[PDB]
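The form deposited in one PDB entry is given below as one chain in structure tokens.
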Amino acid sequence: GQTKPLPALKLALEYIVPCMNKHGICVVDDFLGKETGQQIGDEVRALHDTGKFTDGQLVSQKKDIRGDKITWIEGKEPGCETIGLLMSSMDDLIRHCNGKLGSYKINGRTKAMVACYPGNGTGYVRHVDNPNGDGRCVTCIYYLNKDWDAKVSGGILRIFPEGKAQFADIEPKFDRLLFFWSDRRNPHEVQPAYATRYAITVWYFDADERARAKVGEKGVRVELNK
């Protein structure tokens, strides 16, 4: 009634850029609205019911690392149009930011990794997303879990910013967008989840680090949506 969305340019330049450059972590709640976030949840639940997910441990393994299942979504597939819209919304924010996030020049991204922690106390041990300079500079995560209560269901993303006297507890709440630097500045872990936990991750590529990267689906650079 009295509420209005912030335009992407404003959110980007007045909040995301300052917050990232000071803290290396930035949370945006109510990113897309209830209607759209509910539609994303249905599409992700469809992918799961219909059996499109692959054990994350298979992807990462050579010791148990991660209890999640996953699938990569390009954005344009049948029953994935709203994930496509999500990805375009993320892209619009980054475009407005680009130039002003450290000295990175972002020239692309991965496809969307839709991930599912199927309850049963599953999670992801402490890790750095990009420890060996594979080109990914920013991790962007969108959560879609209605009425999530970490007291009961756990599933917290805990981030340990390198050499800071602080840490961050990020709850995977419905319609929350999360940005953090993908490198060693931000080791993090998904703590045990006791309900079904959904999340959609995209990583953004720095043009320079990417070009110099040494010889997965994490390695494909798509152009940003217009």
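In case it trips you up, residue 1 is the first one in the sequence shown, and so on. Only residues modelled in both forms are compared. Between two forms, the rigid core is defined as the largest C-alpha subset superposing within 1.5 Å.
Although it is not shown, the form deposited with a partner chain bound is what the next lines describe.
When contacts are judged by a 4.5 Å heavy atom cut-off, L58 counts as touching the partner chain in the bound PDB entry.
In the bound PDB entry, the partner chain sits within 4.5 Å of a heavy atom belonging to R66. A residue is said to contact a partner when one of its heavy atoms sits within 4.5 Å of a partner heavy atom; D147 fails this definition for the partner chain in the bound PDB entry, lying far away.
In the bound PDB entry, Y124 approaches the partner chain with a heavy atom inside 4.5 Å. When the two forms are overlaid on the rigid core, CA displacement between the shown form and the other one of 2 Å or more is confined, within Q57, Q191, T201, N186, to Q57. After fitting on the rigid core, only one stretch of 3+ residues whose CA atoms all move by 2 angstroms or more between the shown form and the other one is found, at 57-62.
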